[PDB]
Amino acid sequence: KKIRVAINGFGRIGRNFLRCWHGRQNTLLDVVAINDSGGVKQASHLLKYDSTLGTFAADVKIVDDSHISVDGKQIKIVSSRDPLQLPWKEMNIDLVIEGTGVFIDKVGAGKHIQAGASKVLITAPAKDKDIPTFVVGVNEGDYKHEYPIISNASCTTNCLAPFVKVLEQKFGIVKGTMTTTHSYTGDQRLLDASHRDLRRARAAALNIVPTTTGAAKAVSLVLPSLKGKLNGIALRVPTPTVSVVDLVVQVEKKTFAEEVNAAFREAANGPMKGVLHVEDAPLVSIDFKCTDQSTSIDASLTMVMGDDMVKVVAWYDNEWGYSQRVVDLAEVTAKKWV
């Protein structure tokens, strides 16, 4: 028995979620609605043509001023900047995908429940500790149907947590730091312009732009043994999608690169299959575009210095790979629904 879904914010994340879900062979989700500010004309066009994903093979059409069609499946399009006006009760909306990035606290996110929706799934870190956070392949087992509002974490935390988990079990972690060399996002300005963060203000395709990240501390939400053990930053570089995590950890049990790669390979062929991948080919960022996995370990880059300083480089598609996790977590809510 499938569950009825609404997508709030038809952005990079909302559209990637639709194409991720649409391409699944078997699903318990049925997307019926999309709150989109630009109406049917925007939602239908940007859904069909995409500068990073490419052209959607499915058939996209505008049925009328309130609806679009994907391969004949009708979808209601609504438009309210204020979520309280959204028709969640009338359309019997079980689950919302909150991809706007504005309604990420419990007050704002609750409005979708208030407008009659049964559950909310934040496509980002929540802004309060009261909202439970999950990473598929790490702690999705701990999700309970009683949780009305859930967080699927950051794209970077989705890359970091699965391989951090393996390191923690196999070698044990004392402390560490990370750098995400991350593709530019819609938050950065195209040319130098207004922004509360004076780095993110600078022309994105011209510059290496340092920015703060919560992925290093956020890992502790899904892996309690990591509490206070990691910090880090990000460097936004002029690529439109695909990112890489550079992790330096001090480990308890002295090791070597081949032993650290064997641990990742055990996890990849076993319990983290589909989430963690170990790549042995000497590839580049574009080769990781549209990968389904959360993290791809660059095997040849793994480096151990002085027996216990371990460096791991992990590729992730921050749009698509994260979207394939958002479809996974939503499926867990569908599988658990009362």
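Heads up: residue numbers just count along the shown sequence, starting at 1.
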query = So which stretch wins on mean C-alpha B-factor, 68-76 or 226-234?
reply = 68-76
query = Taking the recorded C-alpha temperature factors, which stretch has the higher mean, 175-183 or 130-138?
reply = 130-138
task = Using the temperature factors in the entry, find which of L53, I286, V40, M272 has the highest value at its Cα atom.
result = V40
task = Determine which member of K165, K111, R265, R189 has the highest CA B-factor, using the values in the deposited entry.
result = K111
remark   = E98: CA temperature factor from the record, placed by chain third, in the highest
message = Lowest, middle or highest third: which one holds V107 when the chain's residues are ordered by CA B-factor from the entry?
response = highest
query = Split the chain's modelled residues into thirds by Cα B-factor; is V310 in the lowest, middle or highest one?
reply = lowest
message = Taking only the Cα B-factors deposited for this chain, tell me whether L86 sits in the lowest, middle or highest third.
response = highest
message = Using the temperature factors of the C-alpha atoms in this entry, rank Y322 within its chain: lowest, middle or highest third.
response = middle
